Structures are given as structure tokens and as C-alpha cells.
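*Asks:* Residue numbers (my numbering), protein chains in the order written: chain B, 6 to 363; chain U, 6 to 363.
Protein chains: 2
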Amino acid sequence: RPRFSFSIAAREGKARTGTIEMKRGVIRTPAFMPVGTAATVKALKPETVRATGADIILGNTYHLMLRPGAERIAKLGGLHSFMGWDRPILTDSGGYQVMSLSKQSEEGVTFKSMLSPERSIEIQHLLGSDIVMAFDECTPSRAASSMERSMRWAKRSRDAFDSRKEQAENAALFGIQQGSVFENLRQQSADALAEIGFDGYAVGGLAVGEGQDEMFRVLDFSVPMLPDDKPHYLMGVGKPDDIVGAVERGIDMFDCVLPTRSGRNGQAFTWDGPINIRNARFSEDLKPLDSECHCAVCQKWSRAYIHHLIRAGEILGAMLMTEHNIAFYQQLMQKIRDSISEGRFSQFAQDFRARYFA
Amino acid sequence: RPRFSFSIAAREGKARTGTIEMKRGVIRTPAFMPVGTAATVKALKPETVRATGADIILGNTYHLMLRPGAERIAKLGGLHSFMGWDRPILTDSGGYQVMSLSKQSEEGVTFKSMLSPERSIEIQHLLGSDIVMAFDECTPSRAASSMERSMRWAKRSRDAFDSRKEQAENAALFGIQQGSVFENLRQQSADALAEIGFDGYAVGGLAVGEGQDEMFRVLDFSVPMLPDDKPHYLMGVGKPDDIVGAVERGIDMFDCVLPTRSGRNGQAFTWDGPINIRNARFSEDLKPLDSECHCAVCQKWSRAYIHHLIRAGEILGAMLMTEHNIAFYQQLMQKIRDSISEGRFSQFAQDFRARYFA
Ligand SMILES: Nc1nc2[nH]cnc2c(=O)[nH]1
Ligand SMILES: Nc1nc2[nH]cnc2c(=O)[nH]1
Ligand SMILES: [Zn+2]
Ligand SMILES: [Zn+2]
């Protein structure tokens, strides 16, 4: 099994479909990664996460380092073992969640619940992460200083990873592009990332509230800046329509808490758009969540029952909603993969859109 | 398939083991019924409830009648259909939960979140319950008046059930014995119940705080009062040791929220007694919840992980704890069944006890 081998099987415009082969499994691209925050994809057994078609999950470095602790997890045999998921895991570096969730310096970030690039890579090493993210940071003058520090930290991240042989031979390292919405800075960052060399390139700084029109505009010049021959990862995105539009602009990988979080809150994704299952209109609706969905929830239970469950605050409500929503997301990615491979993605996106917003 | 056929395959002292055959399935006795409060066994899919070995679950008439409503559930195809459990369901009558959970009369009980024997049977009819409980009520003088009203209500329950042909031919009706801790009243009640005739006889009024020594003393004279040839159901009991002692005194059926509720709260049952998984002693314990347990949780996850889950308030923590605890309970009942069939129950109970309290 290769450490990390990205092969593009087909293209359509800027869209790509293909595979990443890793020691613990194959990742089909474009890929959606369910987020497994505290060593769990909320309300799902890992076998269920797999059943939905996920090839890889996301774990959080910030959260695990506090609870239960990275050295504790290593002692316990590593994150794969601990949570019972034996496939690839991508771990975020902690960067984003240290700012928005809790004393900054060139050395790193100090905080309250001393993370640096080196320590970040070490914690991810300890968790036994398959895809390690470089440690990074959150106006033009300011965008460049944040972006410039991150590129320094990416070089630090690179060397720390390379210094750990066990990591170098079995894991992969991704660079994160910053630069806010400025093409010039974005360019700078890709140039610096490319000169360091990484297995994959993320687009950071766009899961921020900017809106889709502006996110797409930034992806429009940003992704062509990245090495074509490596996977392109859009962090923290997104809604089904965000995903389709991002793939149309060259993104191969995605993660988002939307399908899980939303599910627990009553929101179910369908090919005709999201529904809120708690609405009284579903109280006697015997139809499944979505009438095309292949997941186990839609084979077995009605909207009416899941309506009842969620209104009553029952745990099974969250389990069912979450399984469906992750399944939906995986089915979307499969439809994306098949349509690019068949040279009909552009039509798929148009048809998708017409029905989903309708 | 018979409507209701109880066959005793073997006996040891007052203990019995055997089967109840019903249209929707066979019930192995002594049986433990997971409680499925609001049309769900909390944090478990019904396929999982089945996997643990449960043959029958308990649903609550009081709760369902308020949410989502019995006529609504009937319109939706019935409780089996609605929650996706296709095996027997016993529904409690609402009696117990109307008192302790929220204007009394010979007619019935009026309350705030007009239930009578007739309405109770009608609601259970609407839910499509396989085992219907008769409608009943919560000092000697007073015990007899409560007990005496209940026996009147049991006669009303009998006729209401018999008046519904669809119910009479496909469901079963159980009588509930009351009388508090007095042998004389207990006797009275069995005599009245027996004279009406029921498919099964419950012992009500002992899930009350009286303590095990006193509960066992009451079961000591109470169960021999009931028709030998019908199943004997102890409502709302109990801990593993309560169950063993009750079987030793003639009880064939049990329900309790203990394994589910306790599981969500961090308490796991083991053959060496209950543990509280949240205790710091388990933080790095790689052993399963119980080192003999055959359930799927104990095959896959460590105490340490489930410790982490429950401390973090994660939904998967509740799912895993609950699956294990219900599995444990079913394994206990299987051990009980096998030991009576083999004529070594008395020794089983002694060995069980030595280890569990140890
Ligand atoms: N590390 C990191 N994580 C993210 N998640 C969403 N956006 C980002 C980002 O820019 N950096
Ligand atoms: N209906 C009813 N339910 C119970 N659950 C526990 N005890 C009782 C009882 O005495 N009657
Ligand atoms: Zn579905
Ligand atoms: Zn177990």
C-alpha cells in the first residue's frame, strides 16, 4: 500500500475525479470527510460512518489535546484503535480552533481552554493521523502578515514532520493557503507552499462568513495557483451547493460539521433542499426523509417517526437524522464523481441546482 | 402462529423456564423487556435491541397517548410500524404513570400532563399492542380500597378487550395483582383476578421503594396465589439481583428502565457488579466493560474510550453503555433460562450472588 498516491482518473473543466491511496485505505475524490470532533462522529458508530460510504474522517487536534490528551491517546494505542475507525484520518492542526474557541507569537499561540507548529505536528504524530495539517493562523497589510507567519509555520511544520521518520514514511502532510480574499497574497502563499512542497494543498480562510458569491470568486483565482497534480482541500465547507460549486472550481476534498450538527438540530438534506423535520407539516408524513435516498434510515423510518423523535429530544432522533445526512452527503459526492468521470458534471451541477433551490 | 401459548419446559423449585408463543414472535421465559418509553428504546435502533437478544419490548400508554397520540399512531399504521419493531410489544395501561407523573373516581382518573379502563384498553388497541395490561390504581383499610377498585377496573378491562374482536383474537390480556404488602389482600386480589380469567398475571405495587428483603417477602406468598399455568410478571423490577431472586420465587417476566437509564448515566453492569464508567480509574483501562460479555460493544471498545465518551457528554457514549447494559441483562436471562432447564439454577443464583456482590 502506498503512503500517499493521488491519481486523477478523469477531468471536466476544472473538476477532477480520482483516488488517493494510503496505507489504511483508498480515498475517492471528490471526497467528503465527516467530522469526528472528540474522537467520535457524533451519534454514529464508525461502522455506520463507513456504511454511508465515507472513506476518511476528520479529527480535531485542539479538542483531543485537551480531552483525553494526545499522549494518553498514544498510550492507548492511537486514535484509530481508541475510536475503532481503521481507515484514514485527517487531523486539523488546531490553528483555527485555538483562535475562535478560546497569547500569539512567532513561536506560536499560547492559550486558555503553548501550541506551536512543532508541537502541533507532535500531537498529530501521537494521535497517529494519516493526513497531518500544517500549523497555521486565522485588511491587506494584515492579511499578508498573517499569511506570512503561516508560511513560516508551514516550513516549521514541514521540517518537524520530516524529522519524525515514523511519520514521514506512513503519513502525508498538507499545506494551507491563506491570504484572505486577495489574489496577490493568495499567489504569494501558493508560491511559498509550492516551494516547500506538500502532499496536498488546502485553501484556508474561506470558512468565515464571507458568503458563497465571494467564496467562489476567491476560489476562482486561488485554486489554479495550487499544484495541479496534488489534491486540493477546502477546509470547513459546506452546504451541498457550496460543494458542487467548489468542485466546479477544482476542489477535491471537503469537511463540514453541517450534516452532523444540522441533523441533531432537526435539519435534513434532500435533493429538493433541506427540510426541518420538526415542522408540523411532517407529523403524519409516512414518506422517508428523501424519496431517492438509499440510506438505511430512508429504507426503514418515516418522516413522521423522526419528527416525533426529534420533538421529544430522543437520542434515536439524532442518530437517524445524522446517519441520513452523512449518507446524503456521500451520495452527493458519488454523483459528483460519476458525473465527472462520465463527462456530464456540468449538466449535473445545473440539474442539481435547479431541483435543490426549487 | 398462536395468539398466546405459554408452555413451561422445565422447573426448579418455584422457578420456571419456557416460552410464550404469539403471532408476532416467541418469548423466552424468564424474559426481560427493554422499556421503549416514547416509541423508542432510548439510544438504540430496534435491530440493535433485537441483536441483544430481546424477544419483546415495553411501551408506555400514558406517554404515547400524549405524544404523538394513540389515534395518530393508529393512523400511521400502529406502534410496530411506526417505530420499526415487528416483534411483541407489551403496553402498560397508564395507571402507574398517571399518578406518579402528573381527579380520581370509580369512573377512572382525570388528569393534567380522562383515562378509564375502557379508554386505556382502547388506546392500547389503537397502538396495536400484543400484550395489553389491565387498567389499575397505585394502610390495610386503604390497601383494600385501592386493590378493590383495581379489581373492579380489571373486570372493566376484561370486557372492554373482549368487546373488541380484533383485539381478542390477536392480543393477550394481563391482570395486575395489588394489595400492598398484605397477604390477605394479595390473596383477595388473586382470587378476583383468577375468577375473571387472564392470559397472564402481574404483581403490581412492588416497584415502590420497599427494599428487596420486603419485596422478596411479599413475592414469597404472593406468586403462589397466582394461577401456576400462566406467566407471572413483576412490573418495574429490577437490578440483576432482584431479577434472580424474583425468578427463584416464580416470576417469568420483567421490565425496568434501569439498564437504559443507568447506562446513559454512566453505570455499567458486570458479573462482578456495576461500575461507574466515569470514575477516573477507567481513564486508561483497555479492557471491555465486562471481560465475559459477548455484546458488540465489548468486542470493539474499551472502558477508556467509553469513559472519554460519557465524560464528554457524547451521544455515542450513551449508545454504547445502553447496548452493553441491555445485552448484559439478556445474557443474564439466558443464563437463568439455561440453568433452570439444566436443573442447576439454585447453584447459579448462589454463584451469581457471590461474584456480583463481591
Ligand atoms: N487549520 C485551519 N482549519 C480551518 N477550518 C476551516 N478553515 C480553516 C483554516 O483556515 N485553517
Ligand atoms: N400499571 C402498573 N405499572 C407498574 N409499574 C410498576 N409497577 C406497576 C403497577 O403496579 N402497575
Ligand atoms: Zn436517507
Ligand atoms: Zn458488553
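Ideal Cβ positions, reconstructed from N, Cα and C, are used throughout, including at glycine.
Would you call the CB atoms of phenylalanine 203 of chain B and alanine 139 of chain B closer than 9 Å?
*Replies:* Taking 9 Å as the Cβ cut-off, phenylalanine 203 of chain B and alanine 139 of chain B qualify as a contacting pair.
*Asks:* Tell me whether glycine 180 of chain B is buried or exposed, calling it buried when 16 or more other Cβ atoms sit within 10 Å of its Cβ.
*Replies:* Answer is buried; the Cβ neighbour count reaches 16.
*Asks:* Between which two residues does the beta strand (DSSP E) containing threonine 24 of chain B stretch?
*Replies:* First-last of the beta strand (DSSP E) with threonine 24 of chain B: 20-27.
*Asks:* Please list the residues of the region 83-97 of chain U that have a C-beta atom closer than 7 Å to any C-beta atom in chain B, keeping them in chain order.
*Replies:* Flagged, chain order: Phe87, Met88, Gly89.
*Asks:* For a test of your reading of the model: does the CB of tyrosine 101 of chain B fall under 8 Å from any non-hydrogen atom of ligand 1? Yes or no.
*Replies:* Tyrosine 101 of chain B: yes, Cβ under 8 Å from ligand 1.
*Asks:* From the DSSP secondary-structure annotation, give me the bridge partner or partners of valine 31 of chain U.
*Replies:* BP columns for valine 31 of chain U point to U/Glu26.
*Asks:* Please confirm whether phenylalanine 259 of chain B and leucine 239 of chain B have their CB atoms less than 9 Å apart.
*Replies:* Result yes, Cβ atoms of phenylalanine 259 of chain B and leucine 239 of chain B sit closer than 9 Å.
*Asks:* Quick one: is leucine 314 of chain B buried, meaning 16 or more other Cβ sit within 10 Å of its Cβ, or exposed?
*Replies:* With 16 or more other Cβ atoms within 10 Å, it is buried.
*Asks:* How is the beta strand (DSSP E) around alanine 15 of chain U delimited, first residue to last?
*Replies:* Looking at the DSSP string, the run of the beta strand (DSSP E) that includes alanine 15 of chain U is 9-17.
*Asks:* Using DSSP with H/G/I as helix, E/B as strand and the rest coil, what is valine 54 of chain U?
*Replies:* Helix, per DSSP.
*Asks:* Is the Cβ of residue 5 of chain B closer than 9 Å to any Cβ of chain U?
*Replies:* Nothing can be reported for residue 5 of chain B: it is not among the residues displayed for chain B, which extend from 6 to 363.
*Asks:* Under the DSSP definition of a beta bridge, which residues are partnered with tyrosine 238 of chain U?
*Replies:* According to DSSP, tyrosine 238 of chain U bridges with U/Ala207, U/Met258.
*Asks:* Is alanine 197 of chain B near ligand 1, judged by its Cβ being under 8 Å from some heavy atom?
*Replies:* It does not: the Cβ of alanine 197 of chain B is nowhere closer than 8 Å to a heavy atom of ligand 1.
*Asks:* If the cut-off is 7 Å on Cβ atoms, which residues from the region 216-240 of chain U count as contacting chain B, listed in chain order?
*Replies:* From the region 216-240 of chain U, no residue has a Cβ closer than 7 Å to chain B.
*Asks:* Identify, in the order they occur along the chain, each residue of the same chain with its Cβ nearer than 6 Å to the Cβ of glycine 58 of chain U, setting aside the five sequence neighbours on each side.
*Replies:* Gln335, listed in sequence order.
*Asks:* Give every residue of the same chain whose Cβ lies closer than 6 Å to the Cβ of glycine 278 of chain U, excluding the five residues on either side of it in the sequence, and list them in chain order.
*Replies:* Excluding residues within five positions, the ones whose Cβ falls inside 6 Å are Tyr361.
*Asks:* For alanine 363 of chain B, count neighbouring Cβ atoms within 10 angstroms of its own Cβ and tell me buried if that reaches 16, exposed if not.
*Replies:* The residue in question, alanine 363 of chain B, is exposed, as its Cβ has fewer than 16 Cβ neighbours within 10 Å.
*Asks:* Check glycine 348 of chain U in the structure and name its three-state DSSP category.
*Replies:* In this structure, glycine 348 of chain U counts as coil in the three-state DSSP scheme.
*Asks:* So who's on the other strand from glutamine 182 of chain U, going by DSSP bridges?
*Replies:* Looking at the DSSP assignment, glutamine 182 of chain U forms a beta bridge with U/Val208.
*Asks:* Cutting at 7 Å between CB atoms, please list the residues of its own chain near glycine 241 of chain U, excluding the five before and the five after it.
*Replies:* Correct list, in chain order: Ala212, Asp260, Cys261.
*Asks:* Given 8 Å as the limit, is there contact between the region 16-32 of chain U and the region 61-76 of chain B, that is, 3 or more CB pairs closer than that?
*Replies:* No: the two stretches stay apart, fewer than three of their Cβ pairs being nearer than 8 Å.
*Asks:* Report yes or no: is there a C-beta of chain U within less than 9 Å of the C-beta of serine 118 of chain B?
*Replies:* Cβ-Cβ to chain U under 9 Å: no for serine 118 of chain B.
*Asks:* Please list the partners that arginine 77 of chain U has in chain B, where partner means a Cβ-to-Cβ separation under 8 Å.
*Replies:* Going along chain B in sequence order, the residues near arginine 77 of chain U (Cβ under 8 Å) are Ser288, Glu289.
*Asks:* Would you call the CB atoms of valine 31 of chain U and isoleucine 62 of chain U closer than 9 Å?
*Replies:* Result no, Cβ atoms of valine 31 of chain U and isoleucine 62 of chain U do not sit closer than 9 Å.
*Asks:* Return the bridge partner residues of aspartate 97 of chain B from the DSSP annotation.
*Replies:* Paired residues: B/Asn65.
*Asks:* Apart from the five residues just before and just after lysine 108 of chain U, which ones in its own chain have a Cβ nearer than 8 Å to its Cβ?
*Replies:* Result list for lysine 108 of chain U: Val114, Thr115, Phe116, in chain order.
*Asks:* If we cut at 9 Å on Cβ distances, does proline 73 of chain B have a partner in chain U?
*Replies:* Cβ-Cβ to chain U under 9 Å: yes for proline 73 of chain B.
*Asks:* Are the region 304-323 of chain B and the region 333-349 of chain B touching by the rule of at least three beta carbon pairs closer than 8 Å?
*Replies:* Cβ pair count under 8 Å is below three, so no.
*Asks:* Could you pull the DSSP bridge partners for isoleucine 331 of chain U from this structure?
*Replies:* Paired residues: none, contrary to the question.
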